[PDB]
Amino acid sequence: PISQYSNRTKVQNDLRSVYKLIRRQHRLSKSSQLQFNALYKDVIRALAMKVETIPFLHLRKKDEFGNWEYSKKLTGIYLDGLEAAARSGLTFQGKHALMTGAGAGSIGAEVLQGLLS
Amino acid sequence: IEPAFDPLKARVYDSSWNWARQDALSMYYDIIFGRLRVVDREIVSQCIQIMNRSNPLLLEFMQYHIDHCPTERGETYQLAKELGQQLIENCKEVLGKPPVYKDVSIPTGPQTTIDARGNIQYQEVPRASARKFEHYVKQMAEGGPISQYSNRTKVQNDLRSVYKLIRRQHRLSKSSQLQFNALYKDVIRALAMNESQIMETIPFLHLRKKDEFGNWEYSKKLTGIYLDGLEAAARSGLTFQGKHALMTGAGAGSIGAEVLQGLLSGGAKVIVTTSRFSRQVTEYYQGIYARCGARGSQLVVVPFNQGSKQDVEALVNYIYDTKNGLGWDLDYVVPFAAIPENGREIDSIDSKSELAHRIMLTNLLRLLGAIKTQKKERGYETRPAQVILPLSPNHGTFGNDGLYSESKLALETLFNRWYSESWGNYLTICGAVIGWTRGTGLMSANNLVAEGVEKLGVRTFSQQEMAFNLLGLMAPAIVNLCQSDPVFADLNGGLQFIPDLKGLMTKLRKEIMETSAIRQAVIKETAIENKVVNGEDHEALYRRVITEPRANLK
Amino acid sequence: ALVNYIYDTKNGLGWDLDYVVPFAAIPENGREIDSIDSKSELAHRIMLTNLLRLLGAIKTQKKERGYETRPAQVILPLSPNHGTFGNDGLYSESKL
Amino acid sequence: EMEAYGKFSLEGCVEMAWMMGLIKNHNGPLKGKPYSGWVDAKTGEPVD
Amino acid sequence: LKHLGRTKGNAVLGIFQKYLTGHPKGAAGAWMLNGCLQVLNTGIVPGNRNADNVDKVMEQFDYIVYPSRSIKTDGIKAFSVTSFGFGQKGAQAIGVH
Amino acid sequence: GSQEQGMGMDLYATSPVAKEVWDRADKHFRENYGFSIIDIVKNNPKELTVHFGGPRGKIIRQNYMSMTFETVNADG
């Protein structure tokens, strides 16, 4: 429930009933109803004119303006192997790894045993 | 890391009065000889300073030299007596009234030129479309095409005023209004969480505010307040009277140096730290104070080494010691201490880098930390110190930073610490991401290409400009914003919109060096060709004989 | 030195690294910018400056030994909390 | 020169350099070929 | 200057040649007199570079002003080279263009 | 007229009672008028200045502003 966002679809279907309701109420001066309509059009342009959530474990990618936004494309690939891992298992055969901070009873300690298996 | 601070070396400059009469009597003869024409913005600058130190005794000394001025000699003697009496009157209406930093220079830009004979030169030409700094502020605040309101930034500021409209026009049932911001919040969240499914300008100088998801998005509300005082600064001028400030990194010919003179023109008392404490540097600063020292102001130069933990914690106590110290309390802290680590990748973080990173981060934090506890102990509660954090736009977008970016980025953790830790009251944070600033007599590498990059519809700044910009966040307006909430200040020339800037410049870097090389190479070639064809004797006997100077003792 | 034990053909254990998992860490719990003690500076050198130097060493090793077509994956332990919590004491600053 | 201008003119340098004994006037053969004018007091060479 | 009637506001450029040359125990004035005779014939009143930051006590002295950089003037008419010494020896000289 | 520098400060240190008095007093003065009477008493300043800084600072100048003073004109 915490990572809730709406589809493009909802965003518009919401933009509809807001306009339909604010408009078919006729309490606003023709000035306010005019530029309310003005601003509504811009919003619907830039957006080009369903509940969704965020996976607790995702990968992000970089915005043109160096920003790390959720990327379902990747989060897929990751959480997908992450599944196949829990099912058939994941191997590390032939690979070499260095590990600093692998003290007893630690995150590193566990990860270690992983690669060791 | 060897300590360098020593109270006995501390030099104090405070004789505004005497210097006034000097610059005064100095300017009088300047006019008469024609070193100054009423053209030169200079005469203006100088006049403002003379007003900044208005004494009753100054006026007497002013008038006498003007009254008994012999006008029956030249137009200049007259031109003097005129401008003089004008000034004497000016100074009269300023007596007592707080001194102001007002930048009067001609806003200037980058102009790199390649000779017909291959020589590369770079001048600074007046901007063809700006004369005063008001023209500058506006030109900035307007924006540029290249800074186009991006889809999200438009969708947002649009829904913004749709709300401000629907809201501040109460006649729709609260069933509808209550269910409008519901459908409004939805749209904001969705844009933030998955922008990819859903989906005029940006000032050149704006302030940002924090998203619910800790994000620094443009805030016209603030950018207003800042750019507004930033205007009133250029117009009527900005004062610093009665305020105290510490400044590290204010070396000669630097951003800090300029900012310094600013606070000095206000009534500001600053303490400046230098890591090359020579007579040469002693002089430079007294020179500065002779010219910028408004009444009330004070300049204290000191040897210091921000590489030293001790120095830091010692400096701080000179500043705050009631007995043997200079017993101040700090209002501004401007931590521009820096070392050029140019040239190294993670490939090799040498000694220098670690040192630099300790000067730029660890001891910076400790400097603030020391200042805090000082206030905390001395009961100095209701007077926070503003810290002009020099952040950077380029967190490893450029190569060879070598521990540079890592420092500058880390600094930004302060933005949040202000809220979490218990120094809220004593220190305020004003993150100032300084942008491209071509630097006089410094490095020409960043200047040869300065012109070409501006051509992409974006701004680079002269030192004097960027100092003005900074002093802007020093203005009373913004200060109070900080005392409640940290301030982000993109003072980058809108270069945020040029991606792969690293790459752009490296291209421009080449072309310039390349064409000049070719040009002067060809010359040498065709010069050699002539010695072959014509023979040593012919070519030799036809070269401009430049006389070598000798000395005659008349 | 570690880096060369790993890559030395003769007396070393002559490997080449595929993964690098730098979880070296010191509990700096308890301090604000109020007081960046010795411990903190040390911790910050373990967690940032020498972390970078560890990678840096590994790199040049490969670069010299012609190990081109086999990159080493570095599981950078970053953090969500850049000074949102108090008393990090030089912690966040490293992680960021 | 110093008290007023703050540094030495070329004329001043030559004067100081003369009294300090860094240059003396020479007028006769110098390594065969004749020569007149300023000479370095230390290295018997000529000086422009 | 005051008790002779010096018009108030008209200060004298003060020279201190000692910053540059130090203090030749006895041949002090000789150098200072040359300083003036040189100023007389150039109008250049040489500043005092080591005038760090003049003592607040000196402000009381309306009629004197302390130059910390050379001033080229239209010319000088008369000057006063004064000096003191051990054993209550005080001597002043006035020179005219 | 009998105000001596540091008066009753010796008693301040030796009495947990008198201590708390001066404290509740200072506590007030500092947080309301922006100074400490204890300081003023301990070391006598020839001069002292308050500062209307952040949140807690703005509220202080509020009190300095809200200081009313009465003088009537010769016409009532």
# chains A, B, ... in the order shown; residues from 1 in each chain; ligands from 1

call {"tool": "residues_around", "arguments": {"residues": "residue 65 (chain A)", "least_positions_apart": "6", "cutoff": "9 Å", "atoms": "only C-alpha atoms", "output": "list in words"}}
result
residues 496, 497 and 499 of chain B

call {"tool": "write_last_selection", "arguments": {"atoms": "N, CA, C and O atoms", "output": "PDB file, in the first residue's frame"}}
result
ATOM      1  N   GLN B 496      23.281  22.613 -16.795  1.00  0.00           N
ATOM      2  CA  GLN B 496      22.695  21.329 -16.415  1.00  0.00           C
ATOM      3  C   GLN B 496      22.099  20.672 -17.643  1.00  0.00           C
ATOM      4  O   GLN B 496      21.969  19.456 -17.720  1.00  0.00           O
ATOM      5  N   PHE B 497      21.745  21.497 -18.613  1.00  0.00           N
ATOM      6  CA  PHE B 497      21.046  21.011 -19.786  1.00  0.00           C
ATOM      7  C   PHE B 497      21.980  20.590 -20.903  1.00  0.00           C
ATOM      8  O   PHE B 497      21.550  19.979 -21.876  1.00  0.00           O
ATOM      9  N   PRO B 499      24.352  17.972 -21.678  1.00  0.00           N
ATOM     10  CA  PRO B 499      24.867  16.676 -21.257  1.00  0.00           C
ATOM     11  C   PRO B 499      26.227  16.424 -21.889  1.00  0.00           C
ATOM     12  O   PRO B 499      26.548  17.034 -22.910  1.00  0.00           O
TER      13      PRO B 499
END

call {"tool": "residues_around", "arguments": {"residues": "residue 8 (chain E)", "least_positions_apart": "5", "cutoff": "9 Å", "atoms": "only C-alpha atoms", "output": "number ranges by chain"}}
result
B: 60-61, 64; E: 2, 62-63

call {"tool": "write_last_selection", "arguments": {"atoms": "C-alpha atoms", "output": "tab-separated table (two decimals), in the first residue's frame"}}
result
chain	number	residue	atom	x	y	z
B	60	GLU	CA	35.99	69.35	5.37
B	61	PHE	CA	39.01	67.83	3.65
B	64	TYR	CA	38.73	72.65	0.96
E	2	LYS	CA	46.54	75.13	13.59
E	62	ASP	CA	43.17	66.86	11.24
E	63	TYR	CA	45.91	68.68	9.39

call {"tool": "atom_distance", "arguments": {"atom1": "CA of residue 148 (chain B)", "atom2": "CA of residue 197 (chain B)"}}
result
21.7 Å

call {"tool": "select_by_dssp", "arguments": {"residues": "region 11-83 of chain E", "states": "alpha helix (DSSP H)", "output": "PyMOL selection string"}}
result
chain E and resi 18-21+28-40

call {"tool": "write_last_selection", "arguments": {"atoms": "N, CA, C and O atoms", "output": "mmCIF file, in the first residue's frame"}}
result
data_model
loop_
_atom_site.group_PDB
_atom_site.id
_atom_site.type_symbol
_atom_site.label_atom_id
_atom_site.label_comp_id
_atom_site.auth_asym_id
_atom_site.auth_seq_id
_atom_site.Cartn_x
_atom_site.Cartn_y
_atom_site.Cartn_z
ATOM 1 N N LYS E 18 61.690 56.859 6.434
ATOM 2 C CA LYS E 18 62.390 55.884 7.253
ATOM 3 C C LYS E 18 61.968 54.453 6.914
ATOM 4 O O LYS E 18 62.708 53.501 7.171
ATOM 5 N N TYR E 19 60.780 54.293 6.346
ATOM 6 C CA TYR E 19 60.296 52.959 6.058
ATOM 7 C C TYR E 19 61.237 52.279 5.091
ATOM 8 O O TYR E 19 61.456 51.082 5.153
ATOM 9 N N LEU E 20 61.808 53.062 4.195
ATOM 10 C CA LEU E 20 62.574 52.497 3.106
ATOM 11 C C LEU E 20 64.035 52.379 3.497
ATOM 12 O O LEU E 20 64.682 51.381 3.190
ATOM 13 N N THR E 21 64.539 53.396 4.184
ATOM 14 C CA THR E 21 65.966 53.552 4.361
ATOM 15 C C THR E 21 66.440 53.228 5.765
ATOM 16 O O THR E 21 67.641 53.169 6.026
ATOM 17 N N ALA E 28 70.230 61.666 9.430
ATOM 18 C CA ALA E 28 68.812 61.470 9.141
ATOM 19 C C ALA E 28 68.290 62.559 8.219
ATOM 20 O O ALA E 28 67.938 62.304 7.075
ATOM 21 N N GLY E 29 68.252 63.783 8.725
ATOM 22 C CA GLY E 29 67.683 64.892 7.987
ATOM 23 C C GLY E 29 68.270 65.069 6.607
ATOM 24 O O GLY E 29 67.590 65.506 5.685
ATOM 25 N N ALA E 30 69.538 64.728 6.453
ATOM 26 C CA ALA E 30 70.187 64.935 5.177
ATOM 27 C C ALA E 30 69.416 64.189 4.104
ATOM 28 O O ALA E 30 69.202 64.702 3.017
ATOM 29 N N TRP E 31 68.978 62.980 4.419
ATOM 30 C CA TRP E 31 68.257 62.174 3.448
ATOM 31 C C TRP E 31 66.871 62.734 3.221
ATOM 32 O O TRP E 31 66.386 62.783 2.100
ATOM 33 N N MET E 32 66.243 63.174 4.298
ATOM 34 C CA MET E 32 64.882 63.691 4.240
ATOM 35 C C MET E 32 64.800 64.978 3.440
ATOM 36 O O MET E 32 63.831 65.205 2.719
ATOM 37 N N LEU E 33 65.817 65.822 3.585
ATOM 38 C CA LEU E 33 65.894 67.075 2.844
ATOM 39 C C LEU E 33 65.989 66.796 1.340
ATOM 40 O O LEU E 33 65.391 67.500 0.523
ATOM 41 N N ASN E 34 66.748 65.765 0.984
ATOM 42 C CA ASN E 34 66.861 65.349 -0.390
ATOM 43 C C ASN E 34 65.533 64.834 -0.879
ATOM 44 O O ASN E 34 65.171 65.043 -2.020
ATOM 45 N N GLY E 35 64.810 64.146 -0.007
ATOM 46 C CA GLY E 35 63.499 63.637 -0.349
ATOM 47 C C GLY E 35 62.612 64.772 -0.813
ATOM 48 O O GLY E 35 61.989 64.697 -1.869
ATOM 49 N N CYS E 36 62.566 65.840 -0.026
ATOM 50 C CA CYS E 36 61.730 66.985 -0.353
ATOM 51 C C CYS E 36 62.202 67.683 -1.605
ATOM 52 O O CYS E 36 61.427 67.868 -2.532
ATOM 53 N N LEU E 37 63.475 68.060 -1.641
ATOM 54 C CA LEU E 37 64.027 68.722 -2.821
ATOM 55 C C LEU E 37 63.706 67.942 -4.099
ATOM 56 O O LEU E 37 63.645 68.523 -5.189
ATOM 57 N N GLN E 38 63.509 66.627 -3.956
ATOM 58 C CA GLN E 38 63.144 65.759 -5.078
ATOM 59 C C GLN E 38 61.658 65.865 -5.362
ATOM 60 O O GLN E 38 61.251 65.955 -6.514
ATOM 61 N N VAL E 39 60.849 65.875 -4.310
ATOM 62 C CA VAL E 39 59.416 66.074 -4.469
ATOM 63 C C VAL E 39 59.118 67.429 -5.101
ATOM 64 O O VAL E 39 58.300 67.530 -6.009
ATOM 65 N N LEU E 40 59.791 68.467 -4.616
ATOM 66 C CA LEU E 40 59.656 69.811 -5.161
ATOM 67 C C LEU E 40 59.831 69.824 -6.663
ATOM 68 O O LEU E 40 59.102 70.506 -7.376
#

call {"tool": "residues_around", "arguments": {"residues": "residue 29 (chain F)", "least_positions_apart": "4", "cutoff": "12 Å", "atoms": "only C-alpha atoms", "output": "ChimeraX atom specification"}}
result
/F:22-25,33-40,50,60,63

call {"tool": "residues_around", "arguments": {"residues": "region 102-104 of chain A", "least_positions_apart": "6", "cutoff": "12 Å", "atoms": "only C-alpha atoms", "output": "PDB file with C-alpha atoms, in the first residue's frame"}}
result
ATOM      1  CA  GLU A 110      26.389 -15.052   4.704  1.00  0.00           C
ATOM      2  CA  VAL A 111      27.140 -13.819   1.206  1.00  0.00           C
ATOM      3  CA  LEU A 112      30.446 -15.691   1.548  1.00  0.00           C
ATOM      4  CA  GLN A 113      28.866 -19.076   2.156  1.00  0.00           C
TER       5      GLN A 113
ATOM      6  CA  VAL C  20      34.827  -7.527  -5.105  1.00  0.00           C
ATOM      7  CA  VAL C  21      32.637  -7.132  -2.043  1.00  0.00           C
ATOM      8  CA  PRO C  22      34.006  -4.222   0.054  1.00  0.00           C
ATOM      9  CA  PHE C  23      32.109  -4.469   3.362  1.00  0.00           C
ATOM     10  CA  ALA C  24      34.990  -3.193   5.484  1.00  0.00           C
ATOM     11  CA  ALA C  25      33.419  -1.114   8.260  1.00  0.00           C
ATOM     12  CA  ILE C  26      33.852   0.530  11.668  1.00  0.00           C
TER      13      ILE C  26
END

call {"tool": "interface_residues", "arguments": {"of": "chain B", "to": "chain D", "cutoff": "8 Å", "atoms": "only C-alpha atoms", "output": "list in words"}}
result
residues 550, 551, 552 and 553 of chain B

call {"tool": "closest_residue", "arguments": {"among": "E:90, E:67, E:75, E:5", "to": "chain B", "atoms": "only C-alpha atoms"}}
result
E:67

call {"tool": "select_by_dssp", "arguments": {"residues": "chain C", "states": "strand (DSSP E)", "output": "list in words"}}
result
residues 19, 20, 21, 22, 73 and 74 of chain C

call {"tool": "write_last_selection", "arguments": {"atoms": "N, CA and C atoms", "output": "PDB file, in the first residue's frame"}}
result
ATOM      1  N   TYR C  19      34.578 -10.876  -8.595  1.00  0.00           N
ATOM      2  CA  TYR C  19      33.748 -10.111  -7.685  1.00  0.00           C
ATOM      3  C   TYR C  19      34.620  -9.425  -6.630  1.00  0.00           C
ATOM      4  N   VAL C  20      34.196  -8.241  -6.204  1.00  0.00           N
ATOM      5  CA  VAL C  20      34.827  -7.527  -5.105  1.00  0.00           C
ATOM      6  C   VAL C  20      33.732  -6.996  -4.193  1.00  0.00           C
ATOM      7  N   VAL C  21      33.736  -7.432  -2.945  1.00  0.00           N
ATOM      8  CA  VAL C  21      32.637  -7.132  -2.043  1.00  0.00           C
ATOM      9  C   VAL C  21      33.170  -6.419  -0.809  1.00  0.00           C
ATOM     10  N   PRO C  22      33.301  -5.090  -0.895  1.00  0.00           N
ATOM     11  CA  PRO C  22      34.006  -4.222   0.054  1.00  0.00           C
ATOM     12  C   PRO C  22      33.194  -3.824   1.274  1.00  0.00           C
ATOM     13  N   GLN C  73      33.292  -7.246 -10.870  1.00  0.00           N
ATOM     14  CA  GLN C  73      32.064  -6.607 -10.395  1.00  0.00           C
ATOM     15  C   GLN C  73      32.150  -6.169  -8.941  1.00  0.00           C
ATOM     16  N   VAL C  74      31.849  -4.903  -8.687  1.00  0.00           N
ATOM     17  CA  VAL C  74      32.056  -4.331  -7.369  1.00  0.00           C
ATOM     18  C   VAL C  74      30.739  -4.016  -6.701  1.00  0.00           C
TER      19      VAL C  74
END

call {"tool": "residues_around", "arguments": {"residues": "residue 46 (chain E)", "least_positions_apart": "3", "cutoff": "7 Å", "atoms": "only C-alpha atoms", "output": "number ranges by chain"}}
result
D: 3-4; E: 69-71

call {"tool": "residues_around", "arguments": {"residues": "region 49-52 of chain E", "least_positions_apart": "4", "cutoff": "12 Å", "atoms": "only C-alpha atoms", "output": "PyMOL selection string"}}
result
(chain B and resi 11-15+18-19+279-280+282-290+299-301) or (chain D and resi 2-6) or (chain E and resi 14-22+65-70)

call {"tool": "atom_distance", "arguments": {"atom1": "CA of residue 97 (chain E)", "atom2": "CA of residue 78 (chain E)"}}
result
6.1 Å

call {"tool": "atom_distance", "arguments": {"atom1": "CA of residue 461 (chain B)", "atom2": "CA of residue 107 (chain B)"}}
result
9.2 Å

call {"tool": "interface_residues", "arguments": {"of": "chain B", "to": "chain A", "cutoff": "10 Å", "atoms": "only C-alpha atoms", "output": "PyMOL selection string"}}
result
chain B and resi 150-163+165-166+169-173+176-177+179-184+186-199+215+496-499

call {"tool": "residues_around", "arguments": {"residues": "region 261-270 of chain B", "least_positions_apart": "2", "cutoff": "6 Å", "atoms": "only C-alpha atoms", "output": "compact mmCIF listing (two decimals) with N, CA, C and O atoms, in the first residue's frame"}}
result
# COMPACT_ATOMS: atom_id res chain seq x y z
N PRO B 99 26.80 51.48 4.84
CA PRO B 99 27.60 51.32 3.63
C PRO B 99 27.10 50.17 2.78
O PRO B 99 26.54 49.21 3.32
N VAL B 100 27.30 50.25 1.47
CA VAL B 100 26.77 49.23 0.58
C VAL B 100 27.76 48.70 -0.45
O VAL B 100 28.59 49.44 -0.97
N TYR B 101 27.66 47.39 -0.70
CA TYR B 101 28.34 46.76 -1.81
C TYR B 101 27.45 46.92 -3.01
O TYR B 101 26.35 46.41 -3.03
N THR B 239 24.05 45.84 1.91
CA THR B 239 24.93 46.15 3.05
C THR B 239 25.20 44.95 3.94
O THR B 239 24.40 44.02 4.02
N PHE B 240 26.33 45.00 4.64
CA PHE B 240 26.71 43.93 5.54
C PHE B 240 27.05 44.45 6.94
O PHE B 240 27.55 43.72 7.79
N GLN B 241 26.74 45.73 7.16
CA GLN B 241 27.07 46.42 8.41
C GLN B 241 26.87 45.58 9.67
O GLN B 241 25.83 44.95 9.86
N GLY B 242 27.89 45.58 10.53
CA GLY B 242 27.78 44.98 11.84
C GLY B 242 27.93 43.47 11.85
O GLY B 242 27.85 42.83 12.90
N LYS B 243 28.16 42.89 10.69
CA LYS B 243 28.25 41.44 10.64
C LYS B 243 29.69 40.98 10.61
O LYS B 243 30.56 41.69 10.14
N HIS B 244 29.95 39.80 11.17
CA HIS B 244 31.29 39.24 11.23
C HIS B 244 31.39 37.99 10.37
O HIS B 244 30.50 37.15 10.42
N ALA B 245 32.47 37.82 9.62
CA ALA B 245 32.60 36.62 8.79
C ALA B 245 34.01 36.06 8.68
O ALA B 245 34.98 36.80 8.58
N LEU B 246 34.12 34.73 8.67
CA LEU B 246 35.39 34.04 8.48
C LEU B 246 35.48 33.57 7.04
O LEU B 246 34.49 33.13 6.47
N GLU B 258 37.09 38.16 -4.35
CA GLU B 258 36.06 39.08 -4.76
C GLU B 258 34.97 39.15 -3.70
O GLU B 258 34.62 40.23 -3.22
N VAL B 259 34.44 38.00 -3.31
CA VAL B 259 33.40 37.99 -2.29
C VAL B 259 33.86 38.80 -1.09
O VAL B 259 33.07 39.51 -0.49
N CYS B 292 38.44 49.11 -0.16
CA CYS B 292 37.10 48.57 0.08
C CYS B 292 36.60 48.74 1.51
O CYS B 292 35.47 48.41 1.83
N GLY B 293 37.46 49.27 2.37
CA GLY B 293 37.14 49.37 3.78
C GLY B 293 36.18 50.47 4.14
O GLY B 293 36.59 51.60 4.41
N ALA B 294 34.90 50.14 4.16
CA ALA B 294 33.89 51.10 4.59
C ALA B 294 34.04 51.30 6.08
O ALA B 294 34.55 50.43 6.77
N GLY B 296 33.37 51.07 9.83
CA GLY B 296 32.76 49.97 10.54
C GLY B 296 33.40 48.65 10.20
O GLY B 296 33.37 47.73 11.00
N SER B 297 34.00 48.57 9.02
CA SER B 297 34.62 47.33 8.54
C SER B 297 35.99 47.08 9.16
O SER B 297 36.62 48.01 9.68
N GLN B 298 36.46 45.83 9.09
CA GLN B 298 37.75 45.44 9.65
C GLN B 298 38.27 44.21 8.92
O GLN B 298 37.52 43.30 8.62
N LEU B 299 39.57 44.21 8.63
CA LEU B 299 40.19 43.08 7.96
C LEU B 299 41.29 42.52 8.84
O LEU B 299 42.24 43.23 9.16

call {"tool": "interface_residues", "arguments": {"of": "chain A", "to": "chain C", "cutoff": "7 Å", "atoms": "only C-alpha atoms", "output": "list in words"}}
result
residues 95, 96, 97, 98, 99, 100, 101 and 108 of chain A

call {"tool": "write_last_selection", "arguments": {"atoms": "C-alpha atoms", "output": "compact mmCIF listing (two decimals), in the first residue's frame"}}
result
# COMPACT_ATOMS: atom_id res chain seq x y z
CA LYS A 95 34.65 -17.44 -10.44
CA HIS A 96 37.10 -15.67 -8.10
CA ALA A 97 36.05 -13.08 -5.49
CA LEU A 98 37.68 -10.90 -2.81
CA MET A 99 35.72 -10.11 0.36
CA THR A 100 36.55 -7.55 3.05
CA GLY A 101 34.28 -7.24 6.09
CA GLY A 108 29.36 -10.55 4.33

call {"tool": "closest_residue", "arguments": {"among": "F:74, F:59, F:9, F:67", "to": "chain B", "atoms": "only C-alpha atoms"}}
result
F:59

call {"tool": "interface_residues", "arguments": {"of": "chain E", "to": "chain B", "cutoff": "6 Å", "atoms": "only C-alpha atoms", "output": "PDB file with C-alpha atoms, in the first residue's frame"}}
result
ATOM      1  CA  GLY E   9      40.290  70.774   5.888  1.00  0.00           C
ATOM      2  CA  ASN E  10      43.608  71.563   4.227  1.00  0.00           C
ATOM      3  CA  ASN E  53      47.359  50.413   9.101  1.00  0.00           C
TER       4      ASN E  53
END

call {"tool": "closest_atom_pairs", "arguments": {"of": "chain F", "to": "chain B", "cutoff": "9 Å", "atoms": "only C-alpha atoms", "output": "JSON lines"}}
result
{"residue": "F:31", "atom": "CA", "partner": "B:382", "partner_atom": "CA", "distance": 8.9}
{"residue": "F:34", "atom": "CA", "partner": "B:382", "partner_atom": "CA", "distance": 7.5}
{"residue": "F:50", "atom": "CA", "partner": "B:382", "partner_atom": "CA", "distance": 8.0}
{"residue": "F:51", "atom": "CA", "partner": "B:383", "partner_atom": "CA", "distance": 5.7}
{"residue": "F:52", "atom": "CA", "partner": "B:382", "partner_atom": "CA", "distance": 5.9}
{"residue": "F:53", "atom": "CA", "partner": "B:383", "partner_atom": "CA", "distance": 4.6}
{"residue": "F:54", "atom": "CA", "partner": "B:483", "partner_atom": "CA", "distance": 4.9}
{"residue": "F:55", "atom": "CA", "partner": "B:484", "partner_atom": "CA", "distance": 6.9}
{"residue": "F:56", "atom": "CA", "partner": "B:382", "partner_atom": "CA", "distance": 6.5}
{"residue": "F:57", "atom": "CA", "partner": "B:382", "partner_atom": "CA", "distance": 5.1}
{"residue": "F:58", "atom": "CA", "partner": "B:382", "partner_atom": "CA", "distance": 8.7}
{"residue": "F:60", "atom": "CA", "partner": "B:382", "partner_atom": "CA", "distance": 9.0}

call {"tool": "decode", "arguments": {"residues": "region 49-64 of chain F", "atoms": "N, CA and C atoms", "output": "mmCIF file, in the first residue's frame"}}
result
data_model
loop_
_atom_site.group_PDB
_atom_site.id
_atom_site.type_symbol
_atom_site.label_atom_id
_atom_site.label_comp_id
_atom_site.auth_asym_id
_atom_site.auth_seq_id
_atom_site.Cartn_x
_atom_site.Cartn_y
_atom_site.Cartn_z
ATOM 1 N N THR F 49 25.161 43.347 23.423
ATOM 2 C CA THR F 49 24.212 43.366 22.329
ATOM 3 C C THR F 49 23.476 42.048 22.191
ATOM 4 N N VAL F 50 22.182 42.114 21.889
ATOM 5 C CA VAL F 50 21.365 40.921 21.690
ATOM 6 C C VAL F 50 21.151 40.678 20.200
ATOM 7 N N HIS F 51 20.711 39.485 19.828
ATOM 8 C CA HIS F 51 20.571 39.133 18.420
ATOM 9 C C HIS F 51 19.285 38.392 18.115
ATOM 10 N N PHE F 52 18.525 38.893 17.158
ATOM 11 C CA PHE F 52 17.238 38.313 16.822
ATOM 12 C C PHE F 52 17.350 37.293 15.681
ATOM 13 N N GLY F 53 17.999 36.175 15.974
ATOM 14 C CA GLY F 53 18.343 35.191 14.967
ATOM 15 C C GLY F 53 17.188 34.394 14.407
ATOM 16 N N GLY F 54 17.269 33.071 14.541
ATOM 17 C CA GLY F 54 16.305 32.166 13.934
ATOM 18 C C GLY F 54 14.936 32.206 14.583
ATOM 19 N N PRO F 55 14.198 31.096 14.509
ATOM 20 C CA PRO F 55 12.894 30.989 15.166
ATOM 21 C C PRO F 55 12.878 31.670 16.538
ATOM 22 N N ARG F 56 13.692 31.185 17.476
ATOM 23 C CA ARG F 56 13.725 31.706 18.843
ATOM 24 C C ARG F 56 14.197 33.146 18.914
ATOM 25 N N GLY F 57 14.774 33.632 17.820
ATOM 26 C CA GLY F 57 15.290 34.985 17.762
ATOM 27 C C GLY F 57 14.240 36.001 17.351
ATOM 28 N N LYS F 58 13.425 35.633 16.370
ATOM 29 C CA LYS F 58 12.377 36.516 15.877
ATOM 30 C C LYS F 58 11.402 36.856 17.003
ATOM 31 N N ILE F 59 11.155 35.882 17.871
ATOM 32 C CA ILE F 59 10.207 36.038 18.973
ATOM 33 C C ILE F 59 10.713 37.033 20.012
ATOM 34 N N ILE F 60 12.021 37.253 20.023
ATOM 35 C CA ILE F 60 12.609 38.144 21.004
ATOM 36 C C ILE F 60 12.367 39.585 20.608
ATOM 37 N N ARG F 61 12.685 39.907 19.356
ATOM 38 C CA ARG F 61 12.516 41.271 18.867
ATOM 39 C C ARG F 61 11.048 41.624 18.939
ATOM 40 N N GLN F 62 10.215 40.594 18.988
ATOM 41 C CA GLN F 62 8.795 40.802 19.152
ATOM 42 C C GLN F 62 8.537 41.554 20.453
ATOM 43 N N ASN F 63 9.232 41.146 21.511
ATOM 44 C CA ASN F 63 9.097 41.798 22.811
ATOM 45 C C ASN F 63 9.686 43.185 22.824
ATOM 46 N N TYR F 64 10.788 43.365 22.111
ATOM 47 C CA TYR F 64 11.395 44.681 22.006
ATOM 48 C C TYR F 64 10.465 45.620 21.249
#
